[PDB]
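Enquirer: The structure under discussion is supplied below as structure tokens; questions concerning it will follow.
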Amino acid sequence: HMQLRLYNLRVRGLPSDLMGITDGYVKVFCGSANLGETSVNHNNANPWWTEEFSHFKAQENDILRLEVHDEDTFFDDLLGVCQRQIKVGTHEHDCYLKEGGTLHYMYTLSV
Ligand SMILES: [Ca+2]
Ligand SMILES: [Ca+2]
Ligand SMILES: [Ca+2]
């Protein structure tokens with residue numbers, strides 16, 4: 001087992017919602033294990049989140065998948081997906097979201 005820690009999620013420049021400012025949250029997977037989701041950062045085009053995510057059964061080269069969604073009343077909209085293979089150490093990354101904006105994040109993979 002290796003330990004993965006995913007943290008410092010933030011987005012710059014989310015697009016408009018159908019009505020007003022987007023209500024973003026991030027869902028986190030590692031090797032298709034569901035690691036959970038952040039709270040919704042309501043009415044914020046440039047959110048950052050305090051939440052962090054750990055996975056104590058990771059392996060090097062597992063695929064980290066980050067999904068940025070907009071919360072809505074009837075159907076949430078998936079704005080973008082960032083995927084990469086995890087490497088030992090601490091790494092900072094950014095990702096351009098299909099529907100607009102850029103996601104920045106860090107992770108640490110250990111032991
Ligand atoms: Ca929407
Ligand atoms: Ca809103
Ligand atoms: Ca919304």
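Going by the structure tokens order, chains are called A, B, ..., each with residues numbered from 1, while ligands are numbered from 1 in the order shown.
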Quick one: residues within 12 Å of segment 51-61 of chain A, only C-alpha atoms, excluding same-chain residues fewer than 5 positions away - as a count of residues only?
Expert: 42
Enquirer: Near residue 80 of chain A, within 7 Å and counting only C-alpha atoms, which residues show up once chain neighbours fewer than 3 positions away are dropped, as a list in words?
Expert: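 The neighbour list is residues 67, 68, 97, 98 and 99 of chain A.
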Enquirer: Which one of A:65, A:91, A:104, A:42 sits closest to ligand 2 if you count only C-alpha atoms and all ligand atoms?
Expert: A:42
Enquirer: Could you state the separation of atom 1 (Ca, counted along the ligand's line) of ligand 2 and atom CA of residue 93 of chain A in Å, given to one decimal place?
Expert: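 Rounded to one decimal, the two atoms are 26.6 Å apart.
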Enquirer: Just to confirm, what's the straight-line distance from atom CA of residue 92 of chain A to atom CA of residue 13 of chain A in Å (one decimal)?
Expert: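 Separating atom CA of residue 92 of chain A from atom CA of residue 13 of chain A is a distance of 18.8 Å.
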Enquirer: One decimal, in Å: what's the spacing between atom CA of residue 103 of chain A and atom CA of residue 12 of chain A?
Expert: 6.7 Å
Enquirer: Contacts between ligand 3 and chain A, please, where a residue of chain A counts if it comes within 12 Å (with only C-alpha atoms and all ligand atoms); show its shortest atom pair and distance in Å to one decimal, rows by chain and ascending number, as CSV.
Expert:
residue,atom,partner,partner_atom_place_in_ligand_line,distance
A:14,CA,ligand 3,1 (Ca),11.4
A:15,CA,ligand 3,1 (Ca),10.8
A:16,CA,ligand 3,1 (Ca),9.1
A:17,CA,ligand 3,1 (Ca),5.8
A:18,CA,ligand 3,1 (Ca),7.4
A:19,CA,ligand 3,1 (Ca),7.4
A:20,CA,ligand 3,1 (Ca),7.9
A:21,CA,ligand 3,1 (Ca),7.3
A:22,CA,ligand 3,1 (Ca),5.1
A:23,CA,ligand 3,1 (Ca),4.8
A:24,CA,ligand 3,1 (Ca),7.4
A:25,CA,ligand 3,1 (Ca),10.1
A:40,CA,ligand 3,1 (Ca),9.5
A:41,CA,ligand 3,1 (Ca),10.1
A:42,CA,ligand 3,1 (Ca),8.0
A:43,CA,ligand 3,1 (Ca),7.9
A:44,CA,ligand 3,1 (Ca),10.1
A:45,CA,ligand 3,1 (Ca),11.0
A:68,CA,ligand 3,1 (Ca),11.9
A:69,CA,ligand 3,1 (Ca),8.8
A:70,CA,ligand 3,1 (Ca),5.0
A:71,CA,ligand 3,1 (Ca),4.5
A:72,CA,ligand 3,1 (Ca),4.1
A:73,CA,ligand 3,1 (Ca),7.4
A:74,CA,ligand 3,1 (Ca),9.7
A:75,CA,ligand 3,1 (Ca),9.1
A:76,CA,ligand 3,1 (Ca),7.2
A:77,CA,ligand 3,1 (Ca),7.8
A:78,CA,ligand 3,1 (Ca),10.6
A:79,CA,ligand 3,1 (Ca),11.0
Enquirer: Can you spit out the residues from that selection as an mmCIF file, in the first residue's frame, using N, CA and C atoms?
Expert:
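Generated file (out_38.cif):
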data_model
loop_
_atom_site.group_PDB
_atom_site.id
_atom_site.type_symbol
_atom_site.label_atom_id
_atom_site.label_comp_id
_atom_site.auth_asym_id
_atom_site.auth_seq_id
_atom_site.Cartn_x
_atom_site.Cartn_y
_atom_site.Cartn_z
ATOM 1 N N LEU A 14 -14.346 29.711 -13.918
ATOM 2 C CA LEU A 14 -15.467 28.872 -14.340
ATOM 3 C C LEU A 14 -16.431 29.665 -15.216
ATOM 4 N N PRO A 15 -17.069 28.982 -16.170
ATOM 5 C CA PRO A 15 -18.027 29.639 -17.057
ATOM 6 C C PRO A 15 -19.312 29.941 -16.297
ATOM 7 N N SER A 16 -20.167 30.761 -16.901
ATOM 8 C CA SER A 16 -21.493 31.024 -16.368
ATOM 9 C C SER A 16 -22.302 29.728 -16.266
ATOM 10 N N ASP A 17 -23.178 29.669 -15.269
ATOM 11 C CA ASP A 17 -24.219 28.658 -15.174
ATOM 12 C C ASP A 17 -25.355 29.087 -16.113
ATOM 13 N N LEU A 18 -26.360 28.235 -16.262
ATOM 14 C CA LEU A 18 -27.561 28.607 -16.996
ATOM 15 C C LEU A 18 -28.188 29.851 -16.371
ATOM 16 N N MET A 19 -28.174 29.908 -15.048
ATOM 17 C CA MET A 19 -28.648 31.083 -14.341
ATOM 18 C C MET A 19 -27.642 31.517 -13.300
ATOM 19 N N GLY A 20 -26.757 32.428 -13.689
ATOM 20 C CA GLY A 20 -25.881 33.064 -12.732
ATOM 21 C C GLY A 20 -24.568 32.340 -12.534
ATOM 22 N N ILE A 21 -23.994 32.498 -11.346
ATOM 23 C CA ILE A 21 -22.636 32.038 -11.099
ATOM 24 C C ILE A 21 -22.615 30.568 -10.718
ATOM 25 N N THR A 22 -21.668 29.835 -11.281
ATOM 26 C CA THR A 22 -21.541 28.394 -11.080
ATOM 27 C C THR A 22 -21.309 27.978 -9.614
ATOM 28 N N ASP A 23 -21.763 26.767 -9.299
ATOM 29 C CA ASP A 23 -21.763 26.216 -7.944
ATOM 30 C C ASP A 23 -20.934 24.941 -7.938
ATOM 31 N N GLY A 24 -19.616 25.117 -7.951
ATOM 32 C CA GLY A 24 -18.716 24.005 -8.207
ATOM 33 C C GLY A 24 -18.443 23.078 -7.037
ATOM 34 N N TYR A 25 -18.194 21.817 -7.366
ATOM 35 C CA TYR A 25 -17.642 20.846 -6.413
ATOM 36 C C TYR A 25 -16.779 19.864 -7.193
ATOM 37 N N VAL A 40 -20.062 21.984 -1.939
ATOM 38 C CA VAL A 40 -20.348 22.888 -3.046
ATOM 39 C C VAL A 40 -19.926 24.293 -2.626
ATOM 40 N N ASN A 41 -19.193 24.963 -3.514
ATOM 41 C CA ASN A 41 -18.762 26.328 -3.275
ATOM 42 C C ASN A 41 -19.715 27.218 -4.064
ATOM 43 N N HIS A 42 -20.805 27.623 -3.418
ATOM 44 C CA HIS A 42 -21.921 28.259 -4.120
ATOM 45 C C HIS A 42 -21.583 29.615 -4.707
ATOM 46 N N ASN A 43 -22.073 29.834 -5.926
ATOM 47 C CA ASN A 43 -21.990 31.139 -6.570
ATOM 48 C C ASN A 43 -20.588 31.711 -6.539
ATOM 49 N N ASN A 44 -19.645 30.913 -7.025
ATOM 50 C CA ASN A 44 -18.243 31.275 -7.008
ATOM 51 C C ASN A 44 -17.572 30.861 -8.320
ATOM 52 N N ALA A 45 -17.138 31.837 -9.120
ATOM 53 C CA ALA A 45 -16.462 31.536 -10.385
ATOM 54 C C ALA A 45 -14.992 31.163 -10.203
ATOM 55 N N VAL A 68 -14.846 18.053 -12.076
ATOM 56 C CA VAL A 68 -15.419 19.306 -11.601
ATOM 57 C C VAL A 68 -16.851 19.425 -12.091
ATOM 58 N N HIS A 69 -17.794 19.469 -11.148
ATOM 59 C CA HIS A 69 -19.215 19.523 -11.483
ATOM 60 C C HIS A 69 -19.820 20.825 -10.998
ATOM 61 N N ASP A 70 -20.896 21.245 -11.657
ATOM 62 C CA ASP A 70 -21.767 22.302 -11.145
ATOM 63 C C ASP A 70 -22.990 21.660 -10.497
ATOM 64 N N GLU A 71 -23.265 21.991 -9.233
ATOM 65 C CA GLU A 71 -24.493 21.520 -8.607
ATOM 66 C C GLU A 71 -25.703 22.281 -9.146
ATOM 67 N N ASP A 72 -26.729 21.543 -9.545
ATOM 68 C CA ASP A 72 -28.004 22.123 -9.959
ATOM 69 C C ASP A 72 -29.157 21.358 -9.319
ATOM 70 N N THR A 73 -30.346 21.943 -9.383
ATOM 71 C CA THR A 73 -31.518 21.349 -8.733
ATOM 72 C C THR A 73 -31.915 19.971 -9.282
ATOM 73 N N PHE A 74 -31.886 19.811 -10.601
ATOM 74 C CA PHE A 74 -32.429 18.588 -11.221
ATOM 75 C C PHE A 74 -31.362 17.640 -11.776
ATOM 76 N N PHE A 75 -30.332 18.198 -12.421
ATOM 77 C CA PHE A 75 -29.208 17.404 -12.929
ATOM 78 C C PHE A 75 -27.931 18.206 -12.780
ATOM 79 N N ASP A 76 -26.924 17.653 -12.107
ATOM 80 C CA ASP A 76 -25.630 18.351 -12.029
ATOM 81 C C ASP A 76 -24.926 18.253 -13.377
ATOM 82 N N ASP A 77 -24.158 19.283 -13.732
ATOM 83 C CA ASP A 77 -23.440 19.312 -15.007
ATOM 84 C C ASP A 77 -21.960 19.062 -14.796
ATOM 85 N N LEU A 78 -21.403 18.123 -15.551
ATOM 86 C CA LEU A 78 -19.977 17.847 -15.464
ATOM 87 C C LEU A 78 -19.244 18.821 -16.376
ATOM 88 N N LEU A 79 -18.379 19.650 -15.779
ATOM 89 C CA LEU A 79 -17.700 20.711 -16.510
ATOM 90 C C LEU A 79 -16.352 20.294 -17.078
#
Enquirer: Residues of segment 5-106 of chain A classed as strand (DSSP E) by DSSP on the backbone are to be reported as a PyMOL selection string.
Expert: chain A and resi 5-12+24-30+33-37+53-58+63-70+77-85+89-96+102-106
